[PDB]
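Have a look at the structure below, then the notes.
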Amino acid sequence: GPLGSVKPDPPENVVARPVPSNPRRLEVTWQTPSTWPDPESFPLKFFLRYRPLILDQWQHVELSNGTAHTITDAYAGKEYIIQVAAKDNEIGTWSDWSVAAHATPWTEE
Numbered sequence: 001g002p003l004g005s006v007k008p009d010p011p012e013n014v015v016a017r018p019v020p021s022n023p024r025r026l027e028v029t030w031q032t033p034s035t036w037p038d039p040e041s042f043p044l045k046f047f048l049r050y051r052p053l054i055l056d057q058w059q060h061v062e063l064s065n066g067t068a069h070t071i072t073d074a075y076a077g078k079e080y081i082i083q084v085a086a087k088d089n090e091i092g093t094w095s096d097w098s099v100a101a102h103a104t105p106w107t108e109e
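The sequence shown lines up with residues 1 to 109 when you count with the deposited numbering.
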């Protein structure tokens with residue numbers, strides 16, 4: 001493609017785990033795609049967006065080099081659809097929203 005800055009494949013190992021010590025924290029962890037070689041030499045910008053299952057509010061978080069995002073803005077009583085995208089810091093090769101992780105922080109009741 002763009003010879004080098006090829007559109008990064010959908011992030012892998014994308015698992016949103018709920019913190020039992022926080023009824024609103026969602027440890028959204030992930031990793032670079034299997035197709036992606038070195039995540040260091042190629043700063044992969046991850047675009048995370050968490051929208052409540054009761055409100056159509058698509059958030060916008062940029063992770064220049066984040067692989068473990070912790071969001072305390074997640075509702076424990078409602079599911080959160082956190083979609084993760086990929087892109088290259090060098091050349092703008094925006095990748096459409098792929099992985100749509102489903103999670104729910106510690107439902108303290």
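We put the CB at the ideal spot given by N, CA and C, even for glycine.
For a test of your reading of the model: does the CB of residue i fall under 7 Å from any non-hydrogen atom of the ligand NAD? Yes or no.
i, result
"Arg24", "For the structure depicted, the ligand NAD is absent and the ligand set is empty, with no information on it obtainable."
Using the Cβ count rule (16 or more neighbours within 10 Å means buried), how would you classify residue i?
i, result
"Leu53", "exposed"
"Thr32", "buried"
"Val84", "buried"
"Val15", "exposed"
Would you kindly work out how many angstroms separate the C-alpha atoms of residue i and residue j, rounded to a whole number?
i, j, result
"residue 111", "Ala76", "Here the chain has residues from 1 to 109 only, and residue 111 is not among them."
"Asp9", "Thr104", "26 Å"
"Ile82", "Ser34", "20 Å"
May I ask which residues mark the beginning and end of the beta strand (DSSP E) holding residue i?
i, result
"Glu62", "61-63"
"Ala103", "99-103"
Which residue's Cα is closest to the Cα of residue i: the options?
i, options, result
"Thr67", "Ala86, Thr107, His60, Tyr80", "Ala86"
"residue 110", "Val28, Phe47, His69, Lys7", "Outside the shown range of the chain (1 to 109) lies residue 110, about which nothing can therefore be said."
"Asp88", "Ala74, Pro23, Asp73, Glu62", "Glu62"
*If you scan the region 15-45 from start to end, which runs of the beta strand (DSSP E) of 3 or more residues do you find wholly inside it?*
26-31
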